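Taken in order, these protein sequences are the chains called A, B, C, D, E and F. Per the deposited numbering, the first sequence runs over residues 4 to 144. Per the deposited numbering, the second sequence runs over residues 10 to 171. Per the deposited numbering, the third sequence runs over residues 10 to 171. Per the deposited numbering, the fourth sequence runs over residues 4 to 144. Per the deposited numbering, the fifth sequence runs over residues 10 to 171. Per the deposited numbering, the sixth sequence runs over residues 10 to 171. What follows is a set of notes on a single structure, which appears directly below.
There are 6 protein chains.
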Amino acid sequence: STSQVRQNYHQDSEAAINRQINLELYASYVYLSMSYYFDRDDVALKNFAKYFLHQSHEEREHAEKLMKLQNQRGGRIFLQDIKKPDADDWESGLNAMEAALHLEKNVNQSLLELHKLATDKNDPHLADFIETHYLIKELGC
Amino acid sequence: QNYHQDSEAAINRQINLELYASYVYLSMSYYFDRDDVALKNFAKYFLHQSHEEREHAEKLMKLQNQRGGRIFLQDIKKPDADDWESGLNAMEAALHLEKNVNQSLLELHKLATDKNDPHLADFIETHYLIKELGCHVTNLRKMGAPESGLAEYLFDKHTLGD
Amino acid sequence: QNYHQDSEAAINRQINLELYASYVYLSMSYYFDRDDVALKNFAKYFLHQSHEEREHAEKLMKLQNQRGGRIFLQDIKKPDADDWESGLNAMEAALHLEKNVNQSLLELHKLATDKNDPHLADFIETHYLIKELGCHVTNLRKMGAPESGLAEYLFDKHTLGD
Amino acid sequence: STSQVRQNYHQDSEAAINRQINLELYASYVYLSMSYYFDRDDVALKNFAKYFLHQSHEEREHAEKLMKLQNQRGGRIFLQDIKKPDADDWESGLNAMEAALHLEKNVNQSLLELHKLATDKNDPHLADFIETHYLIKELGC
Amino acid sequence: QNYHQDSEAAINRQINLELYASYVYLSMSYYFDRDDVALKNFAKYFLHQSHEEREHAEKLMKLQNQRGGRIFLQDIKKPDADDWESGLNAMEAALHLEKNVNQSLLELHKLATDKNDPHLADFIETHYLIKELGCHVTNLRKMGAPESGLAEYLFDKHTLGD
Amino acid sequence: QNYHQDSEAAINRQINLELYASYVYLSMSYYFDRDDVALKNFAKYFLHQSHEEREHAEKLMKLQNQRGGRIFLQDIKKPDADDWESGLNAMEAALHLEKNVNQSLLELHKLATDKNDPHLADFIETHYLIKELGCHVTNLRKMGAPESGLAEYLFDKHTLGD
Ligand SMILES: [Mg+2]
Ligand SMILES: [Mg+2]
Ligand SMILES: [Mg+2]
Ligand SMILES: [Mg+2]
Ligand SMILES: [Mg+2]
Ligand SMILES: [Mg+2]
Ligand SMILES: [Mg+2]
Numbered sequence: 004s005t006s007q008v009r010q011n012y013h014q015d016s017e018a019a020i021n022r023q024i025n026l027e028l029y030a031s032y033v034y035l036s037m038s039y040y041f042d043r044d045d046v047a048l049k050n051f052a053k054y055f056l057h058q059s060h061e062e063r064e065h066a067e068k069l070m071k072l073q074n075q076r077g078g079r080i081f082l083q084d085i086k087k088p089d090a091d092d093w094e095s096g097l098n099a100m101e102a103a104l105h106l107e108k109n110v111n112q113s114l115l116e117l118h119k120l121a122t123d124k125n126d127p128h129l130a131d132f133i134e135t136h137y138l139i140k141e142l143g144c
Numbered sequence: 010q011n012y013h014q015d016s017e018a019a020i021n022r023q024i025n026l027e028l029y030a031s032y033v034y035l036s037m038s039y040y041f042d043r044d045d046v047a048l049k050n051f052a053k054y055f056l057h058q059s060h061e062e063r064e065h066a067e068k069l070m071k072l073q074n075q076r077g078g079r080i081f082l083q084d085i086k087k088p089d090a091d092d093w094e095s096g097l098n099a100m101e102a103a104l105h106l107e108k109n110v111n112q113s114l115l116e117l118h119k120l121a122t123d124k125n126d127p128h129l130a131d132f133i134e135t136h137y138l139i140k141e142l143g144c145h146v147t148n149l150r151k152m153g154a155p156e157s158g159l160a161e162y163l164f165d166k167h168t169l170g171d
Numbered sequence: 010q011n012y013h014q015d016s017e018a019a020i021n022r023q024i025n026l027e028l029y030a031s032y033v034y035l036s037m038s039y040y041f042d043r044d045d046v047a048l049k050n051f052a053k054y055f056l057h058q059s060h061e062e063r064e065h066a067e068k069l070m071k072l073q074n075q076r077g078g079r080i081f082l083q084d085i086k087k088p089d090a091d092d093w094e095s096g097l098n099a100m101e102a103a104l105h106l107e108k109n110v111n112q113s114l115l116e117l118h119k120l121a122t123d124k125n126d127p128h129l130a131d132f133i134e135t136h137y138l139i140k141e142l143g144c145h146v147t148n149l150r151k152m153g154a155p156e157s158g159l160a161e162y163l164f165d166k167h168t169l170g171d
Numbered sequence: 004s005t006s007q008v009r010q011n012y013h014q015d016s017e018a019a020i021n022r023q024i025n026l027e028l029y030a031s032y033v034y035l036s037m038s039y040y041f042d043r044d045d046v047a048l049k050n051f052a053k054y055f056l057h058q059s060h061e062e063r064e065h066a067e068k069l070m071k072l073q074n075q076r077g078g079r080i081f082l083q084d085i086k087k088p089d090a091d092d093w094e095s096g097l098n099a100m101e102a103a104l105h106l107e108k109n110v111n112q113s114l115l116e117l118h119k120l121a122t123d124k125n126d127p128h129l130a131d132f133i134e135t136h137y138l139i140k141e142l143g144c
Numbered sequence: 010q011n012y013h014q015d016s017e018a019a020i021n022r023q024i025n026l027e028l029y030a031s032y033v034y035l036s037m038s039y040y041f042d043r044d045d046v047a048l049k050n051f052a053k054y055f056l057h058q059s060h061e062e063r064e065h066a067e068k069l070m071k072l073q074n075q076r077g078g079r080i081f082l083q084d085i086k087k088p089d090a091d092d093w094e095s096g097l098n099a100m101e102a103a104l105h106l107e108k109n110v111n112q113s114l115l116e117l118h119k120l121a122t123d124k125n126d127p128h129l130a131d132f133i134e135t136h137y138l139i140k141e142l143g144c145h146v147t148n149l150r151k152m153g154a155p156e157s158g159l160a161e162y163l164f165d166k167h168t169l170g171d
Numbered sequence: 010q011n012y013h014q015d016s017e018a019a020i021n022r023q024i025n026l027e028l029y030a031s032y033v034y035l036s037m038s039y040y041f042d043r044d045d046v047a048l049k050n051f052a053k054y055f056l057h058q059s060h061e062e063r064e065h066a067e068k069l070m071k072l073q074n075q076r077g078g079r080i081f082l083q084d085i086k087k088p089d090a091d092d093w094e095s096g097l098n099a100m101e102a103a104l105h106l107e108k109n110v111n112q113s114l115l116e117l118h119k120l121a122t123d124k125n126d127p128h129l130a131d132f133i134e135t136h137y138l139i140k141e142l143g144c145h146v147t148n149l150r151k152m153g154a155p156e157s158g159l160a161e162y163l164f165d166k167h168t169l170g171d
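Here it is, written out as structure tokens:
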């Protein structure tokens, strides 16, 4: 039924988190694909390949910090297929950055709609977790 | 010649198999992180292995890029369970999984007939991981798992705490 | 405006709740110090937590003094048991207690709507303590407590000895 | 009529640049407004105020580098009203970051639609200017 | 009392006036950057002044925040010309502009009656800038501008090259 | 495939165009060295540019050799004038020349579709040289050239003496 640690954790947030977990795993897959595109000698842009491999590891680390939260609050993790990124070729180097911009802002407006949902269900703990997660993801550098 | 496009496909399939394995141990790790499961070293064990299997996927990605092949990703499927039931059952599953991933790893080397013997370094370690999961499965059963929640507790401490 | 005197009362009530919690873990600590109970690390665990919850009470006292409120102490009630029966039962009790103290801690922040987010640092750690007592309760039950006096003995050694 | 230095500069690009100039001036105004919001003692978040003041100076510097381009290619600069940013209060600190995300991606997808238009009108010079402008604006840190 | 909200409005209006001035000299700077105008030091002169007038706007923003007022931004209007015709005409325009911005700067001090005399530091420099634009206008006219394109060329070199 | 032999021809034609430009500015330089013309800095300006355009020709020669193409030289034609009439007229000519050489430079990049973007570094600077010759032409006309021999004298001193 229900977890001995659960407290003030709306079913709606538990499911928004499960979706955010898959989203960030998807983003990690996309970045990984883009990284090894700029690895191939067709392209051989080592600084792009480095940059995206870094962002792929960081998006995967965020997914784990989301999974750690779910467990900390008695939510239950439910994983789905990590879907194939919708390109293999990425063509240009700036066609990649365009794709990363729609992904990065999709990931981010999903966090904000999770902060919205957090203050709806008066959940200071979640709200504060997402907020600090969002500002480090943006203002870290 | 149909070797380059068979070697290319095999590596493409091995990339997906290692990534899937990384997904499975990730799933398993955070099952032992549940407050109602609560075996920290079981969690550490699988999370560490989850990173090993992703390292291997990138090495297969690096490799296909040097062979002049093309990387062709596919969906990473969800693993068969959300609830892994017990410490014993998670190990038995890893053992089962690692053997099959090992089998198609062979055929990629079996067709490779490569001068460099590419992935064979990593094929050698899969045989270490198999005997290890074997030894783990054995010890847990002999101790009384999975119905003896004391067995897995003490195995979490004494075997997976080093 | 009725916010200052509601914020003032909430903090006054949270002061008493943390002090009561410090009293409960003090009681629990010296139960495991009984010669007929004799679980030293269970004793250390609760005695340490008993000081944490008193630290928090003084921080709520410091806090009300900076908000210009007035501290209004009340009796610190005796805890519900003198005999805590078992290691398992003491944890289950702490879990129950910490959740309720957590609930009114929310409402003090829920009304605070404070620029500084005052006590929210300490509200974040109550959620760590809850998952921890959860994991403890789980491990003891899976091991066979509370009727297996061996379970609690080995949990005292292996989980609470670090 | 037409400038003695003009060469391969489509009228369409000259107008896309004039619009991009005003866009980045608008972005500089918005960032400046947000910066001095986090300056007021209601808020007093010095690190947010610092961050946005920096981004306000940088968006204004980009506008000048656009104006320098227009002149370098015989385009003619036409400036419009810099419109009042559509808030004074910015409320939260994360309500600001949300506003910056829709602004920042509006600014950026406007650059990309200018790179699109550049390769349409086979303008290697413009295309390369925008491309390097876009990657420094993103990968600078 | 209606002083705080009049002081607040004046500063709000002075913020917009300085920002507008920064816009005007920005416009003027890049007119002299045109390949068909081509007076680099005229360009440097106005671009530098364009930054001075923006510095002042932020100081008026900092100032309203310390007086506990609220900053209320408005549109920054486009300047009256896109083509500034000549070096002489741009100076005559700056002179005209700076005098009016100076006038409402007075009234903000004239009502301020402030203990600290806030913006009066910056009000003193507007009177230096006016006499300077005066001297510039004069020299260009005496030299034969704006119809003597040699006059402005040599003024660009000899007066605005230091 | 007809790209290698079109890329090869374009570079061959760009080699000749840059060499011709180097010849034109060489001619122009020593016109201002005539005792009856006598503008030293006009002479230095073009002689320096004459070397820049030859540097570029050799880089296009180095480039065709790395693309595995063959260098196919042609006559370097005499420039259209022996007498360049005035400082203004020499600049107007350079402006005209540099624009056309720029145009076929595009088409060599427009067909290149190269991974490395070879000559695009040098294509970017032609756009700096154009705006500069533009600014020069403008300043000389505004000053009264070419019939004002004082205009070109002072432009030789004040603009081309740095
Ligand atoms: Mg992320
Ligand atoms: Mg960013
Ligand atoms: Mg493997
Ligand atoms: Mg507490
Ligand atoms: Mg910008
Ligand atoms: Mg002023
Ligand atoms: Mg050239």
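From the three backbone atoms N, C-alpha and C, an ideal C-beta is built for every residue, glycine too.
If I follow the unbroken alpha helix (DSSP H) through residue i, where does it start and stop?
{"i": "residue 128 (chain C)", "result": "It is not in any alpha helix (DSSP H) - residue 128 (chain C) carries neither H nor E in the DSSP assignment."}
{"i": "residue 20 (chain F)", "result": "13-40"}
{"i": "residue 53 (chain F)", "result": "49-75"}
{"i": "residue 123 (chain D)", "result": "97-123"}
{"i": "residue 158 (chain B)", "result": "158-167"}
Measuring CB to CB, does residue i end up less than 8 Å from residue j?
{"i": "residue 85 (chain A)", "j": "residue 70 (chain A)", "result": "no"}
{"i": "residue 161 (chain F)", "j": "residue 56 (chain F)", "result": "no"}
{"i": "residue 10 (chain D)", "j": "residue 139 (chain F)", "result": "yes"}
{"i": "residue 24 (chain D)", "j": "residue 66 (chain D)", "result": "yes"}
{"i": "residue 116 (chain E)", "j": "residue 135 (chain E)", "result": "no"}
{"i": "residue 131 (chain A)", "j": "residue 13 (chain A)", "result": "no"}
{"i": "residue 17 (chain E)", "j": "residue 73 (chain E)", "result": "yes"}
{"i": "residue 147 (chain F)", "j": "residue 45 (chain E)", "result": "yes"}
Is residue i near ligand 5 - that is, is its Cβ less than 7 Å away from at least one heavy atom of it?
{"i": "residue 110 (chain D)", "result": "yes"}
CA-CA distance, residue i and residue j?
{"i": "residue 63 (chain C)", "j": "residue 75 (chain C)", "result": "19 Å"}
{"i": "residue 39 (chain C)", "j": "residue 170 (chain C)", "result": "17 Å"}
{"i": "residue 129 (chain A)", "j": "residue 102 (chain A)", "result": "29 Å"}
{"i": "residue 163 (chain E)", "j": "residue 109 (chain E)", "result": "30 Å"}
{"i": "residue 19 (chain E)", "j": "residue 119 (chain E)", "result": "11 Å"}
{"i": "residue 59 (chain F)", "j": "residue 42 (chain F)", "result": "15 Å"}
{"i": "residue 168 (chain F)", "j": "residue 143 (chain F)", "result": "14 Å"}
{"i": "residue 36 (chain D)", "j": "residue 61 (chain E)", "result": "19 Å"}
Would the beta-carbon of residue i be found less than 7 Å away from any heavy atom of ligand 2?
{"i": "residue 101 (chain D)", "result": "no"}
{"i": "residue 141 (chain A)", "result": "yes"}
Using a Cβ-based criterion (distance less than 7 Å to any ligand heavy atom), does residue i qualify as near ligand 3?
{"i": "residue 122 (chain D)", "result": "no"}
{"i": "residue 30 (chain B)", "result": "yes"}
What do you reckon, is the C-beta of residue i under 7 Å from a heavy atom of ligand 6?
{"i": "residue 135 (chain E)", "result": "yes"}
Regarding residue i and ligand 7, is the C-beta to nearest heavy atom distance less than 7 Å?
{"i": "residue 130 (chain F)", "result": "no"}
Can you tell me which residues fall inside 5 Å of ligand 1, judged by beta-carbon distance to its nearest heavy atom, and keep chain order?
My final list is A:27, A:62 and A:65.
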